[PDB]
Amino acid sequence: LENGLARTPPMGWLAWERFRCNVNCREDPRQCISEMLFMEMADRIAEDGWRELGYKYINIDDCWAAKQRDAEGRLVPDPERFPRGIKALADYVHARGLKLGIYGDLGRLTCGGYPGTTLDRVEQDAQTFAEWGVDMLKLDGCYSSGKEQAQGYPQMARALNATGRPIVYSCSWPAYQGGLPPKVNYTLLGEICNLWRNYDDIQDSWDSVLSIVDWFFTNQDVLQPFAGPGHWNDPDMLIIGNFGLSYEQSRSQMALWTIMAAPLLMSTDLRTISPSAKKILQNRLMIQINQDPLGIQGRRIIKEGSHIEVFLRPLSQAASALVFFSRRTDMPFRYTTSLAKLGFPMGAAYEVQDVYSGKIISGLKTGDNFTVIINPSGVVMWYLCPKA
């Protein structure tokens, strides 16, 4: 989508995976979906170093609105959970130099049972969001037919533009259509959306992450070519800092999402996040690679019988990123190979930096053998710069 936005994958926080549709603010004041949740996450992003790293979006997901539109047919937030309205929430977030994202559903109902954005409501809702000061909109697709979606998604892109307010547009259209051609036309998506959810919702478990990793890389031929500045593939939220991932697994998700040029939308409680989880999510070099200006999504290039997978992502400044991933469940594994074997130019030399450890290799020749030790369900990630 050529609206000057999302020239790099969107970075921020999104409520869904971690908080879901919790409306029990009486017993879960901090974990329930309310204006307070977003204001506090905004303070967290603004105060704990996240903002400086690039994390700027504070996104509201499903279950924020009243169970019905007002009499005028407009969407309104839940009165008890959002007593100051959305515009006020936006100002608050804006005052911190952050941006506010909201959620809607192209259909009769949102997946959670809240007011849906039917075709006759698209222009009005887009208008309502802009007036509130919204900066990003995720449009879900429950309760709408393929025909209705084919009309509605492009229609909402036009409506958003008409408001004159630049709004990042995240589309779930592909996921509802199976995520693959011919049913999905990624060329069209690139023209109308800034990013799109291609596949299943991420759940809080390592197997969920693996399921997403495997679907995207198995189908990379029909997905990788359509990602770029202004239009990204979205494998869903980062679940680092939550309940299901071990330390190694957490680093694995961050590394693989970076290879995929995926949005870095955290869905975790920033008020209780652990130091190790924070350290992973705040890795500057990792973020630099994810945010690379060229926006060329990487690919899996090797699947060893040793249960080791290798990924490569081409970058700006003639650089590259490599991820060595172990799916073994026995012990740290010694993977030995050479850049030449991985496909790099002959007779060259590279300065290599281990993204997580910081260790550097001054001048690795492409013909030289090297060994990396990868832990179970973990990765070793390299940033490579050619010497001249």
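Sequential numbering from 1, following the sequence displayed.
Per the PDB record, of the two stretches 362-370 and 13-21, 362-370 carries the greater mean B-factor over its C-alpha atoms. The PDB entry records a higher mean C-alpha B factor for 186-194 than for its counterpart among 186-194 and 236-244. Taking the deposited Cα B-factors for 144, 128, 268, 297, the highest one is held by 128. Reading the B-factor column for the CA atoms of 313, 251, 278, 165 in the entry, the top value corresponds to 165. When all modelled residues of the chain are sorted by CA temperature factor, residue 77 is found within the highest third. Among the modelled residues of the chain, residue 120 sits in the highest third by CA temperature factor in this PDB entry. Among the modelled residues of its chain, residue 106 has a C-alpha B-factor that falls in the middle third, as given in the PDB entry. Residue-level temperature factors show residue 283 in the middle third of its chain, judged at the C-alpha atom.
The PDB entry assigns residue 292 a C-alpha temperature factor belonging to the middle third of its chain's modelled residues.
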